[PDB]
Amino acid sequence: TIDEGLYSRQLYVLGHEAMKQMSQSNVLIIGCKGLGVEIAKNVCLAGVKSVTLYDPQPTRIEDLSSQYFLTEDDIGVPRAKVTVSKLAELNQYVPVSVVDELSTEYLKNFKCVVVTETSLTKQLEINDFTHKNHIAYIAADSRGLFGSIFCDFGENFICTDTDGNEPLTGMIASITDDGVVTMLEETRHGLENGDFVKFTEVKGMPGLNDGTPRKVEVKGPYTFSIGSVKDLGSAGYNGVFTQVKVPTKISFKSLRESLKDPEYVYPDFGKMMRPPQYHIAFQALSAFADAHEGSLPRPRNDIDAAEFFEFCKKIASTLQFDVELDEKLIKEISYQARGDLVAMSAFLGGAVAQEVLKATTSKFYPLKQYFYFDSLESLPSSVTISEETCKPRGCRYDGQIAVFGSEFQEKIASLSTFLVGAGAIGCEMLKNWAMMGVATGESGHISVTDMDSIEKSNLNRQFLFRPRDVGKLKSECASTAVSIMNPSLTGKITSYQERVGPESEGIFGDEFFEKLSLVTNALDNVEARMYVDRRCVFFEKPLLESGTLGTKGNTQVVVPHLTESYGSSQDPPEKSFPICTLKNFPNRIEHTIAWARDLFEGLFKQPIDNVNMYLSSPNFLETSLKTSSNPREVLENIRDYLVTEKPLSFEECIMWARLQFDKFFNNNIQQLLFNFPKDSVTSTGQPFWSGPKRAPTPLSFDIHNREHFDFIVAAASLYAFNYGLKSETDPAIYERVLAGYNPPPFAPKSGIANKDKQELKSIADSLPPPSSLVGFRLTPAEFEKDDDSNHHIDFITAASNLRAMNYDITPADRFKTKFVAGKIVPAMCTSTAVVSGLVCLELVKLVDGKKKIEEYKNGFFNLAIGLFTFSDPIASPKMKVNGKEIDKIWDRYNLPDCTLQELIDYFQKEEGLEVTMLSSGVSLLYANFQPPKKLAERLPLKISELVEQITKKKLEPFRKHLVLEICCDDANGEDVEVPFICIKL
Amino acid sequence: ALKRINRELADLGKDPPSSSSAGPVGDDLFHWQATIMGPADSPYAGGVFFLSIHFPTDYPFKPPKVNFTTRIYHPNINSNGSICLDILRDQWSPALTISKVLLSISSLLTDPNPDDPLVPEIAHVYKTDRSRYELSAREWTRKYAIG
Ligand SMILES: Nc1ncnc2c1ncn2[C@@H]1O[C@H](COP(=O)(O)OP(=O)(O)OP(=O)(O)O)[C@@H](O)[C@H]1O
Ligand SMILES: [Mg+2]
Ligand SMILES: [Mg+2]
């Protein structure tokens with residue numbers, strides 16, 4: 001009963017069973033500050049059964065530093081009572097409640113218990129109960145730029161999936177008598193030692209087809225070992241192996257037991273001596289709060305730091321921790337005890353929400369057990385951070401002023417950022433900017449652009465949008481929502497509806513891009529990322545890239561003249577199957593899905609486009625007869641869709657669908673088996689239909705069968721949609737119409753001048769003239785995966801499964817068909833929160849203008865295994881030009897709009913280089929090998945005039961520069977790379 | 001991108017391909033028209049075949065789109081000009097030059113691969129009735145590939 005219209009992207013990460021088990025779990029959340037509200041939001045968007053909140057503390061002003069469901073009108077009201085109403089709107093399937101008082105036995109009502117903003121004594125009291133009653137217990141804490149997570153799921157936690165990866169499967173070439181299983185040519189199984197596999201469709205060793213998992217002993221990248229198969233047989237030929245995943249038993253320890261001997265998780269390997277320090281420091285914080293009526297150390301206060309360090313010494317002595325305490329780091333923890341940052345809150349909230357989902361669904365490998373994190377590299381160094389600057393000012397930014405100071409707050413308030421995209425990461429980034437106070441000053445401004453509209457499936461991870469906002473523009477809704485969150489951003493946010501690309505340079509030009517301070521990408525495709533990266537490189541602006549894929553995520557920072565750009569890195573490209581594999585010899589469901597998509601496009605889209613273009617373009621036939629690859633195909637499509645096979649009623653559509661069934665699933669297979677019989681052999685004597693080639697078999701139309709009827713219904717409905725007829729769904733009419741069908745005879749044909757032009761002319765003159773058909777247009781079918789009533793995925797699924805039945809491939813359901821055909825990217829709210837937190841932690845480094853490259857950190861993480869890693873950015877490569885140091889990426893030549901000859905002379909005389917190629921955009925302006933007449937005609941023209949002449953397009957009035965790529969040779973003839981040229985028009 | 005394309009173009013200019021001639025269309029660096037001469041020891045002897053090469057924006061990180069323009073009677077080449085070359089679909093790596101692609105296509109024309117065909121009828125004719133395949137190939141290369 002999962003609402004797949006809303007959880008579409010999340011089901012591809014978790015699954016149906018995981019979400020079914022998740023929708024029966026109760027979560028209690030103690031503490032409703034920024035971290036607690038982030039956890040509650042992520043849990044509500046995830047889809048647990050219910051959420052209960054407990055926070056009777058009255059609201060204060062500083063709480064607004066990271067609580068985005070609190071307004072200044074709520075001062076003096078308990079935080080839970082004012083957060084429940086706003087949390088109840090995120091998801092309609094997840095009720096949210098509030099408890100005035102919490103008793104121990106009450107905890108038995110819940111499946112998971114999350115604890116924040118609670119003293120250590122109360123945490124021990126809660127955990128002593130939630131441990132022996134088998135209740136998952138997560139405790140999270142956030143102090144300044146430091147964070148801690150602790151997980152305790154019981155002594156007998158069962159983890160079904162330990163990495164989140166799909167089970168490994170592959171094809172076998174041969175299995176020897178000693179269990180040595182070999183993969184096909186250039187195919188790597190990818191198995192690791194200790195895995196279990198099950199074999200199917202094995203020839204010569206039927207015993208391995210029983211299904212019993214067997215051990216794996218990897219022997220190489222292509223072969224492995226399974227043990228002894230002597231009894232079953234001597235040798236096995238071909239077959240498919242599939243990995244088997246076995247549940248694991250994980251044993252946790254209680255908080256009281258794990259205080260003395262903790263088990264750490266290291267988010268970074270460059271600093272592995274710190275977690276032992278943080279373990280003492282946080283306990284000392286709890287003791288200090290207990291000894292001062294719950295008052296944490298004052299910001300940048302030396303007396304409190306000294307007392308806190310004395311508490312740390314006492315704790316380290318009591319626990320017999322044989323670790324020397326780092327005074328500077330501990331005192332730093334003391335200074336930022338009252339800090340409350342939205343970036344740290346978002347990061348830890350995403351992590352803790354993922355831990356909650358692990359506890360409820362018994363999936364993925366959890367943290368075990370202590371996770372201590374810090375981003376101390378973000379602390380500003382170009383401003384004064386002392387007791388005087390960090391004291392609270394009685395404003396909503398107190399939690400951030402207590403870490404960064406008032407001067408850095410004024411630096412933040414004057415930012416002029418540019419956010420590209422308004423998806424999930426865009427919404428999180430806008431929330432973080434609103435909470436941090438970005439662009440709330442006189443000179444601040446925010447610009448957000450996105451050309452898409454809100455859909456139902458987007459509401460599962462984009463929390464700024466509501467079901468009443470479905471169908472509206474993302475940028476406007478996001479700007480309005482974040483102006484609601486922070487009233488000071490009224491009039492400081494501008495929302496566009498423009499796609500960032502070559503066509504939008506009239507809006508995002510020099511004037512727009514020269515006032516910015518940084519650019520943040522929230523895109524989902526590589527082309528736009530590359531374009532924005534090139535624009536930032538040209539204008540020399542800092543860039544923040546961030547990406548997610550299911551539970552994986554990464555963040556990268558590009559700094560002018562310091563690090564390399566985004567395009568300097570290469571990612572694994574997409575895999576496209578060979579045309580010969582798709583056309584005739586498929587062996588996986590992906591091949592059949594691709595074939596079905598091509599069939600859909602070629603049946604309902606291309607012929608309609610040709611018909612429409614014929615009835616509109618007056619001279620279309622002449623152009624097609626000498627331009628299109630197959631003019632005969634175009635003419636046949638036009639004839640068939642205009643006169644020959646034009647339906648007058650839906651019954652004719654049904655008959656057409658039956659005919660297409662015969663055409664594509666019964667006759668082409670007969671032709672293929674006539675060309676290559678099942679008993680044919682290759683040139684080397686081996687049987688043809690062996691290995692990656694599976695012998696097909698024609699399908700006979702059986703109306704009672706489900707797949708045949710589904711294909712008929714989908715095809716007839718789509719044809720009627722093309723011709724604008726009235727579709728129906730009652731099986732009675734289909735069974736009545738298809739009963740009286742006589743299949744036309746078909747026999748495969750063995751084969752055995754300028755008359756073809758005569759036949760083409762005869763076909764052409766048979767077509768109706770455009771004048772006789774005025775206003776008659778056929779509606780094409782534009783692929784749309786997200787609508788379930790257009791019969792698109794239904795048709796693709798039916799065709800794919802029928803072709804699988806042809807080749808005895810295992811058919812897939814509509815869920816997997818929609819995942820594969822639609823190129824859906826799995827997405828989660830927790831990953832979005834984590835990447836937004838990391839990006840906003842890098843943003844404060846960018847604001848402070850840090851110069852050293854070791855102070856920035858590109859981040860990568862995988863939440864399925866609890867892996868976090870941070871690495872320094874790659875420095876921009878240097879080069880030697882004319883005995884001078886030149887940055888490859890961030891250097892350019894500035895020249896006037898001089899003639900081509902003057903440009904060549906300047907390069908010859910100044911740089912001592914001989915120009916051999918000069919191009920602009922995609923055009924070759926000048927080449928050393930061109931005939932002399934062309935050069936003599938082109939040399940004395942200005943660069944702008946030359947570009948206008950060659951590109952056959954006048955320069956737009958808003959064009960103010962030209963980017964030229966130049967390749968030149970040295971005096972000796974050796975090639976030398978040089979930066980691009982920036983001609984100033 | 002542009003620099004690599006121009007380097008390949010200059011290399012073709014510096015060293016003649018003899019059996020091929022590739023160059024940009026008009027003044028566009030991302031659209032080339034190449035010419036291939038039929039091998040002497042093949043039915044396509046004395047023929048000129050025109051190929052259209054479309055360089056993707058992500059070149060050389062994505063394969064160029066090479067499509068025949070002249071009609072050819074070959075088991076691995078269909079009626080739309082698509083070529084069954086492994087180095088152009090998923091084996092592509094940013095280390096292959098256009099001269100290598102043209103040499104591979106010439107070798108493909110030298111001897112087809114009927115065990116993994118793209119046009120099953122032509123492959124069947126080639127495997128069973130060789131003389132008819134030769135006659136059809138000569139007829140096609142005389143009707144389309146000449147003049
Ligand atoms: N070139 C571009 N210029 C501006 N905005 C862009 C560009 N390309 C993509 N976007 C926007 O980036 C955002 C990407 O967010 P996201 O991928 O989460 O949403 P979606 O693609 O609509 O959803 P889904 O992928 O889940 O179906 C979308 O708003 C999309 O409109
Ligand atoms: Mg969308
Ligand atoms: Mg998307």
# chains A, B, ... in the order shown; residues from 1 in each chain; ligands from 1
call {"tool": "select_by_dssp", "arguments": {"residues": "stretch 487-643 of chain A", "states": "strand (DSSP E or B)", "output": "NGL selection string"}}
result
:A and (493-496 or 518-521 or 543-549 or 552-558 or 563)
call {"tool": "write_last_selection", "arguments": {"atoms": "C-alpha atoms", "output": "compact mmCIF listing (two decimals), in the first residue's frame"}}
result
# COMPACT_ATOMS: atom_id res chain seq x y z
CA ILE A 493 15.89 37.47 -3.21
CA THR A 494 15.30 37.42 -6.97
CA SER A 495 13.88 34.32 -8.65
CA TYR A 496 14.25 33.63 -12.37
CA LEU A 518 30.12 33.00 -5.25
CA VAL A 519 28.15 30.49 -7.30
CA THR A 520 26.51 27.34 -5.93
CA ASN A 521 25.43 24.50 -8.21
CA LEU A 543 32.15 27.76 -7.15
CA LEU A 544 30.54 25.16 -4.88
CA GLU A 545 29.61 21.87 -6.56
CA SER A 546 27.60 19.20 -4.76
CA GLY A 547 26.06 15.94 -5.92
CA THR A 548 24.16 12.99 -4.50
CA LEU A 549 23.26 9.51 -5.71
CA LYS A 552 26.35 8.51 -1.72
CA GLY A 553 27.36 12.14 -1.94
CA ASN A 554 30.23 14.46 -2.71
CA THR A 555 31.07 18.15 -2.43
CA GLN A 556 33.80 20.05 -4.29
CA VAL A 557 35.08 23.62 -4.04
CA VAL A 558 36.65 25.63 -6.88
CA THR A 563 42.45 24.91 -7.32
call {"tool": "interface_residues", "arguments": {"of": "chain B", "to": "chain A", "cutoff": "8 Å", "atoms": "only C-alpha atoms", "output": "MDAnalysis selection string"}}
result
chainID B and resid 2:3 6 13 27:30 61:62 69 80 84 86 89:90 115:118 120:121 124
call {"tool": "residues_around", "arguments": {"residues": "residue A:297", "least_positions_apart": "5", "cutoff": "9 Å", "atoms": "only C-alpha atoms", "output": "PyMOL selection string"}}
result
chain A and resi 285+288-289+303-305+308+334-338
call {"tool": "write_last_selection", "arguments": {"atoms": "C-alpha atoms", "output": "PDB file, in the first residue's frame"}}
result
ATOM      1  CA  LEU A 285      30.883  19.596  29.084  1.00  0.00           C
ATOM      2  CA  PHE A 288      30.290  21.482  33.763  1.00  0.00           C
ATOM      3  CA  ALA A 289      26.636  21.988  32.855  1.00  0.00           C
ATOM      4  CA  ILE A 303      37.994  31.327  33.314  1.00  0.00           C
ATOM      5  CA  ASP A 304      35.338  28.915  32.072  1.00  0.00           C
ATOM      6  CA  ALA A 305      37.897  27.335  29.746  1.00  0.00           C
ATOM      7  CA  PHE A 308      36.398  23.033  31.879  1.00  0.00           C
ATOM      8  CA  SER A 334      35.108  24.942  25.662  1.00  0.00           C
ATOM      9  CA  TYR A 335      34.983  28.217  23.721  1.00  0.00           C
ATOM     10  CA  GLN A 336      32.339  27.078  21.208  1.00  0.00           C
ATOM     11  CA  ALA A 337      30.098  25.320  23.738  1.00  0.00           C
ATOM     12  CA  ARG A 338      27.215  27.750  23.132  1.00  0.00           C
TER      13      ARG A 338
END
call {"tool": "closest_atom_pairs", "arguments": {"of": "chain A", "to": "ligand 2", "cutoff": "8 Å", "atoms": "only C-alpha atoms and all ligand atoms", "output": "tab-separated table"}}
result
residue	atom	partner	partner_atom_place_in_ligand_line	distance
A:452	CA	ligand 2	1 (Mg)	5.5
A:453	CA	ligand 2	1 (Mg)	5.9
A:454	CA	ligand 2	1 (Mg)	6.3
A:455	CA	ligand 2	1 (Mg)	6.2
A:458	CA	ligand 2	1 (Mg)	7.1
call {"tool": "write_last_selection", "arguments": {"atoms": "N, CA and C atoms", "output": "short mmCIF file (atom, residue, chain, number, x, y, z; two decimals), in the first residue's frame"}}
result
data_model
loop_
_atom_site.label_atom_id
_atom_site.label_comp_id
_atom_site.auth_asym_id
_atom_site.auth_seq_id
_atom_site.Cartn_x
_atom_site.Cartn_y
_atom_site.Cartn_z
N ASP A 452 12.07 24.48 -14.01
CA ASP A 452 11.17 23.35 -13.83
C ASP A 452 10.01 23.73 -12.91
N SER A 453 9.00 22.87 -12.87
CA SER A 453 7.82 23.06 -12.04
C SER A 453 7.72 21.94 -11.02
N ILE A 454 6.94 22.19 -9.97
CA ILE A 454 6.82 21.27 -8.85
C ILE A 454 5.93 20.10 -9.25
N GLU A 455 6.36 18.89 -8.93
CA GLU A 455 5.62 17.67 -9.19
C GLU A 455 5.40 16.91 -7.88
N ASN A 458 8.42 15.22 -6.17
CA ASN A 458 9.45 16.09 -5.63
C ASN A 458 9.20 16.47 -4.17
#
call {"tool": "residues_around", "arguments": {"residues": "residue B:31", "least_positions_apart": "6", "cutoff": "12 Å", "atoms": "only C-alpha atoms", "output": "list in words"}}
result
residues 922, 923 and 924 of chain A; 2, 5, 22, 23, 24, 25, 51, 52, 53, 54, 55, 56, 57, 64, 65, 66 and 67 of chain B
call {"tool": "write_last_selection", "arguments": {"atoms": "C-alpha atoms", "output": "compact mmCIF listing (two decimals), in the first residue's frame"}}
result
# COMPACT_ATOMS: atom_id res chain seq x y z
CA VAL A 922 32.88 25.86 -32.62
CA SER A 923 34.28 27.69 -35.66
CA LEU A 924 37.79 27.58 -37.13
CA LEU B 2 38.90 22.13 -29.99
CA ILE B 5 40.42 18.25 -32.87
CA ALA B 22 39.03 13.80 -43.51
CA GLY B 23 38.23 17.48 -43.12
CA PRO B 24 35.77 19.85 -41.45
CA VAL B 25 32.51 20.77 -43.13
CA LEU B 51 31.31 9.14 -44.01
CA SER B 52 29.89 11.82 -41.73
CA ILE B 53 31.65 12.28 -38.38
CA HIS B 54 29.91 14.18 -35.57
CA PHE B 55 32.20 14.95 -32.65
CA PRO B 56 30.31 15.11 -29.33
CA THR B 57 30.79 18.08 -27.03
CA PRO B 64 32.43 10.29 -32.33
CA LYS B 65 29.31 9.44 -34.31
CA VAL B 66 30.51 7.93 -37.61
CA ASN B 67 27.85 7.14 -40.20
call {"tool": "residues_near_ligand", "arguments": {"ligand": "ligand 1", "cutoff": "7 Å", "atoms": "only C-alpha atoms and all ligand atoms", "output": "list in words"}}
result
residues 9, 420, 421, 422, 423, 424, 449, 450, 451, 452, 457, 458, 474, 498, 499, 500, 501, 522, 523, 524, 525, 528, 824, 825 and 827 of chain A
call {"tool": "write_last_selection", "arguments": {"atoms": "N, CA and C atoms", "output": "compact mmCIF listing (two decimals), in the first residue's frame"}}
result
# COMPACT_ATOMS: atom_id res chain seq x y z
N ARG A 9 11.28 8.00 -5.72
CA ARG A 9 12.74 8.03 -5.71
C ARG A 9 13.31 7.34 -4.48
N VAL A 420 22.22 28.06 -8.65
CA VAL A 420 21.73 27.50 -9.90
C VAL A 420 20.95 26.23 -9.58
N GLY A 421 19.66 26.25 -9.86
CA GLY A 421 18.80 25.12 -9.55
C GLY A 421 18.10 25.29 -8.22
N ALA A 422 16.91 24.72 -8.11
CA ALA A 422 16.10 24.81 -6.90
C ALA A 422 15.50 23.46 -6.55
N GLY A 423 16.29 22.40 -6.70
CA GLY A 423 15.83 21.07 -6.34
C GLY A 423 15.91 20.83 -4.85
N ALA A 424 16.25 19.60 -4.45
CA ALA A 424 16.38 19.30 -3.03
C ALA A 424 17.58 20.03 -2.43
N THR A 449 17.73 30.57 -9.86
CA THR A 449 17.14 30.30 -11.16
C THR A 449 16.82 28.82 -11.30
N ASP A 450 15.65 28.54 -11.87
CA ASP A 450 15.23 27.17 -12.16
C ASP A 450 14.01 27.20 -13.07
N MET A 451 14.02 26.40 -14.14
CA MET A 451 12.98 26.45 -15.15
C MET A 451 11.97 25.31 -15.04
N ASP A 452 12.07 24.48 -14.01
CA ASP A 452 11.17 23.35 -13.83
C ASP A 452 10.01 23.73 -12.91
N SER A 457 6.19 13.84 -6.98
CA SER A 457 7.31 13.05 -6.48
C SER A 457 8.40 13.91 -5.88
N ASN A 458 8.42 15.22 -6.17
CA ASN A 458 9.45 16.09 -5.63
C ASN A 458 9.20 16.47 -4.17
N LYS A 474 9.45 26.36 -9.23
CA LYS A 474 10.23 26.05 -8.03
C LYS A 474 10.85 27.30 -7.43
N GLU A 498 14.78 30.92 -15.85
CA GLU A 498 15.62 30.75 -17.03
C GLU A 498 16.54 29.55 -16.86
N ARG A 499 16.70 28.78 -17.93
CA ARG A 499 17.69 27.71 -17.96
C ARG A 499 19.07 28.31 -18.17
N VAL A 500 20.03 27.89 -17.34
CA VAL A 500 21.40 28.36 -17.46
C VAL A 500 22.06 27.60 -18.61
N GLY A 501 22.39 28.32 -19.68
CA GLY A 501 22.99 27.72 -20.84
C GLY A 501 23.40 28.78 -21.84
N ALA A 522 23.27 23.47 -7.84
CA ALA A 522 22.34 22.47 -7.34
C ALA A 522 21.72 21.70 -8.49
N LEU A 523 22.49 21.49 -9.56
CA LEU A 523 22.00 20.89 -10.78
C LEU A 523 21.97 19.37 -10.65
N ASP A 524 21.52 18.70 -11.71
CA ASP A 524 21.43 17.25 -11.74
C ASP A 524 21.99 16.66 -13.03
N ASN A 525 22.64 17.46 -13.87
CA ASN A 525 23.20 16.98 -15.13
C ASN A 525 24.60 17.55 -15.29
N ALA A 528 25.09 21.24 -17.73
CA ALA A 528 24.92 22.51 -17.04
C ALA A 528 26.05 22.76 -16.05
N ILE A 824 15.83 7.17 -13.98
CA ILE A 824 15.56 7.78 -12.69
C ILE A 824 16.82 7.71 -11.83
N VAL A 825 17.14 8.82 -11.17
CA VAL A 825 18.27 8.90 -10.24
C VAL A 825 17.72 8.70 -8.83
N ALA A 827 17.18 9.12 -5.00
CA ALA A 827 17.41 10.30 -4.19
C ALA A 827 16.83 10.10 -2.80
call {"tool": "select_by_dssp", "arguments": {"residues": "stretch 67-139 of chain B", "states": "helix (DSSP H, G or I)", "output": "JSON list (two decimals) with N, CA and C atoms, in the first residue's frame"}}
result
[["chain", "number", "residue", "atom", "x", "y", "z"],
["B", 86, "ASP", "N", 33.10, -1.85, -32.44],
["B", 86, "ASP", "CA", 33.12, -1.90, -30.98],
["B", 86, "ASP", "C", 33.75, -0.65, -30.38],
["B", 87, "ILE", "N", 34.70, -0.03, -31.09],
["B", 87, "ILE", "CA", 35.43, 1.12, -30.56],
["B", 87, "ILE", "C", 34.63, 2.41, -30.62],
["B", 88, "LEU", "N", 33.37, 2.36, -31.05],
["B", 88, "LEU", "CA", 32.54, 3.55, -31.17],
["B", 88, "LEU", "C", 31.33, 3.57, -30.25],
["B", 98, "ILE", "N", 41.16, 9.81, -35.18],
["B", 98, "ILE", "CA", 40.27, 9.57, -36.31],
["B", 98, "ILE", "C", 40.95, 8.72, -37.36],
["B", 99, "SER", "N", 42.27, 8.84, -37.50],
["B", 99, "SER", "CA", 42.98, 7.98, -38.44],
["B", 99, "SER", "C", 42.85, 6.51, -38.03],
["B", 100, "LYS", "N", 42.90, 6.23, -36.73],
["B", 100, "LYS", "CA", 42.70, 4.86, -36.27],
["B", 100, "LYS", "C", 41.30, 4.37, -36.60],
["B", 101, "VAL", "N", 40.29, 5.22, -36.43],
["B", 101, "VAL", "CA", 38.92, 4.83, -36.75],
["B", 101, "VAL", "C", 38.79, 4.53, -38.23],
["B", 102, "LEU", "N", 39.37, 5.38, -39.08],
["B", 102, "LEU", "CA", 39.28, 5.16, -40.52],
["B", 102, "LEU", "C", 40.01, 3.88, -40.92],
["B", 103, "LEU", "N", 41.16, 3.61, -40.31],
["B", 103, "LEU", "CA", 41.86, 2.36, -40.59],
["B", 103, "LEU", "C", 41.04, 1.16, -40.15],
["B", 104, "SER", "N", 40.39, 1.26, -38.99],
["B", 104, "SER", "CA", 39.54, 0.17, -38.53],
["B", 104, "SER", "C", 38.38, -0.07, -39.49],
["B", 105, "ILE", "N", 37.77, 1.01, -39.99],
["B", 105, "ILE", "CA", 36.66, 0.86, -40.93],
["B", 105, "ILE", "C", 37.15, 0.25, -42.24],
["B", 106, "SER", "N", 38.34, 0.65, -42.69],
["B", 106, "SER", "CA", 38.89, 0.05, -43.91],
["B", 106, "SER", "C", 39.16, -1.43, -43.72],
["B", 107, "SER", "N", 39.68, -1.82, -42.55],
["B", 107, "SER", "CA", 39.90, -3.23, -42.27],
["B", 107, "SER", "C", 38.57, -3.98, -42.21],
["B", 108, "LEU", "N", 37.54, -3.35, -41.64],
["B", 108, "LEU", "CA", 36.22, -3.96, -41.62],
["B", 108, "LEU", "C", 35.71, -4.20, -43.03],
["B", 109, "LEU", "N", 35.87, -3.22, -43.91],
["B", 109, "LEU", "CA", 35.52, -3.42, -45.31],
["B", 109, "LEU", "C", 36.36, -4.52, -45.94],
["B", 110, "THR", "N", 37.59, -4.71, -45.46],
["B", 110, "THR", "CA", 38.44, -5.76, -46.02],
["B", 110, "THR", "C", 37.83, -7.14, -45.80],
["B", 120, "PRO", "N", 21.11, -9.40, -40.81],
["B", 120, "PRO", "CA", 21.13, -10.87, -40.89],
["B", 120, "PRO", "C", 20.98, -11.43, -42.29],
["B", 121, "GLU", "N", 20.19, -10.80, -43.17],
["B", 121, "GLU", "CA", 20.01, -11.37, -44.50],
["B", 121, "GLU", "C", 21.31, -11.36, -45.30],
["B", 122, "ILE", "N", 22.06, -10.26, -45.23],
["B", 122, "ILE", "CA", 23.33, -10.19, -45.95],
["B", 122, "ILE", "C", 24.32, -11.18, -45.36],
["B", 123, "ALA", "N", 24.33, -11.33, -44.03],
["B", 123, "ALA", "CA", 25.23, -12.29, -43.41],
["B", 123, "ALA", "C", 24.89, -13.71, -43.84],
["B", 124, "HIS", "N", 23.60, -14.04, -43.92],
["B", 124, "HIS", "CA", 23.20, -15.37, -44.38],
["B", 124, "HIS", "C", 23.63, -15.60, -45.82],
["B", 125, "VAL", "N", 23.44, -14.60, -46.68],
["B", 125, "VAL", "CA", 23.88, -14.74, -48.07],
["B", 125, "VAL", "C", 25.39, -14.95, -48.12],
["B", 126, "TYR", "N", 26.13, -14.20, -47.30],
["B", 126, "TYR", "CA", 27.58, -14.33, -47.27],
["B", 126, "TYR", "C", 28.01, -15.72, -46.82],
["B", 127, "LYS", "N", 27.34, -16.27, -45.81],
["B", 127, "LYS", "CA", 27.74, -17.57, -45.27],
["B", 127, "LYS", "C", 27.36, -18.71, -46.20],
["B", 128, "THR", "N", 26.20, -18.61, -46.86],
["B", 128, "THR", "CA", 25.71, -19.73, -47.67],
["B", 128, "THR", "C", 26.13, -19.60, -49.13],
["B", 130, "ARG", "N", 28.24, -17.54, -51.46],
["B", 130, "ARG", "CA", 29.28, -16.52, -51.52],
["B", 130, "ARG", "C", 29.27, -15.78, -52.85],
["B", 131, "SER", "N", 29.06, -16.50, -53.96],
["B", 131, "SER", "CA", 29.11, -15.87, -55.27],
["B", 131, "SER", "C", 28.03, -14.81, -55.42],
["B", 132, "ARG", "N", 26.82, -15.11, -54.93],
["B", 132, "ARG", "CA", 25.75, -14.12, -54.99],
["B", 132, "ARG", "C", 26.09, -12.90, -54.14],
["B", 133, "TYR", "N", 26.72, -13.12, -52.98],
["B", 133, "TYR", "CA", 27.15, -11.99, -52.16],
["B", 133, "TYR", "C", 28.15, -11.12, -52.92],
["B", 134, "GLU", "N", 29.12, -11.75, -53.58],
["B", 134, "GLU", "CA", 30.11, -10.98, -54.34],
["B", 134, "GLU", "C", 29.44, -10.19, -55.46],
["B", 135, "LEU", "N", 28.52, -10.83, -56.19],
["B", 135, "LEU", "CA", 27.84, -10.15, -57.28],
["B", 135, "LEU", "C", 27.02, -8.97, -56.76],
["B", 136, "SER", "N", 26.30, -9.16, -55.66],
["B", 136, "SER", "CA", 25.51, -8.07, -55.10],
["B", 136, "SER", "C", 26.40, -6.93, -54.62],
["B", 137, "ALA", "N", 27.53, -7.26, -53.98],
["B", 137, "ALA", "CA", 28.43, -6.21, -53.52],
["B", 137, "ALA", "C", 28.99, -5.42, -54.70],
["B", 138, "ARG", "N", 29.39, -6.11, -55.77],
["B", 138, "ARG", "CA", 29.90, -5.40, -56.94],
["B", 138, "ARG", "C", 28.81, -4.54, -57.57],
["B", 139, "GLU", "N", 27.59, -5.06, -57.67],
["B", 139, "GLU", "CA", 26.51, -4.27, -58.24],
["B", 139, "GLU", "C", 26.26, -3.01, -57.41]]
call {"tool": "residues_around", "arguments": {"residues": "residue A:945", "least_positions_apart": "4", "cutoff": "10 Å", "atoms": "only C-alpha atoms", "output": "PyMOL selection string"}}
result
chain A and resi 897+899+938+941+949-951+954-955
call {"tool": "residues_around", "arguments": {"residues": "residue A:643", "least_positions_apart": "6", "cutoff": "12 Å", "atoms": "only C-alpha atoms", "output": "list in words"}}
result
residues 611, 635, 636, 637, 763, 766, 767, 768, 769 and 773 of chain A
call {"tool": "residues_around", "arguments": {"residues": "residue A:153", "least_positions_apart": "4", "cutoff": "12 Å", "atoms": "only C-alpha atoms", "output": "number ranges by chain"}}
result
A: 111-114, 127, 130-139, 157-159, 249-255, 355-362, 365-369
